[PDB]
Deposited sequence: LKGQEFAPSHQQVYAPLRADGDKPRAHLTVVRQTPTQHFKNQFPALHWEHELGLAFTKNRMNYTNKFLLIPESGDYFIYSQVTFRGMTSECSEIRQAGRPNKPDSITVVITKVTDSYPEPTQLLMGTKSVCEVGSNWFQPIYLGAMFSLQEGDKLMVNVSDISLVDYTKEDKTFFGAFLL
């Protein structure tokens, strides 16, 4: 009755150059506020490490915000958030979830969240992580706006 589980909450995000056309990954707050990691759930190196094989329900919401770029017609821009796992086996990451949506707004600006949640079978030693299209667009402001979680079922 003490299954591994953790709810991570956003932070400012220390800028750290990433590969070109490569999706940046966020790092989080894991012990302050509403965040936490327990029952051997280890959040290390911007990774959420799995303490044991089994089926976990992982979820994450990422609120994006920005000034209207809206440019015929103009080909839409896109914001996207992806949750992926990396294993001992193929170091080649496997995308589990991906909420991607077109954005061609009007008005002073815009802002909206992308929430995904599902259940996958992970093996101990697996490392989860969220990635996003554009880091500068993630609202790091509030704790209840951008989060990431996972718990053994």
message = From the N-terminus onward, what segments of the deposited sequence lack any C-alpha atom in this model?
response = 1 to 20, 92 to 98
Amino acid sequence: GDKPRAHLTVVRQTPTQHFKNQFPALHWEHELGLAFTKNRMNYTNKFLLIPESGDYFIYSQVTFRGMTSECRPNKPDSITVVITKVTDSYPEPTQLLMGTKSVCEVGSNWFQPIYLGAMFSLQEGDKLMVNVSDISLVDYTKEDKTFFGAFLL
From here on, numbers count along this sequence of modelled residues.
key: At least a third of the other entries leave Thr9 unmodelled   = no
inquiry  = Considering only other entries where residues before and after it are modelled, is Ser136 without coordinates in at least a third?
reply    = no
query = If you average the Cα B factors in the entry, which is higher, 57 to 65 or 121 to 129?
reply = 121 to 129
task = Pick between 87 to 95 and 37 to 45: the one whose mean CA B-factor in the entry is higher.
result = 87 to 95
ask   = Compared with the other modelled residues in the chain, in which third is the CA B-factor of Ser136?
value = middle
ask   = Thinking about Cα B factors across the chain, which third does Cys71 belong to?
value = highest
remark   = Assert third(CA B-factor, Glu52) within chain per record equals middle
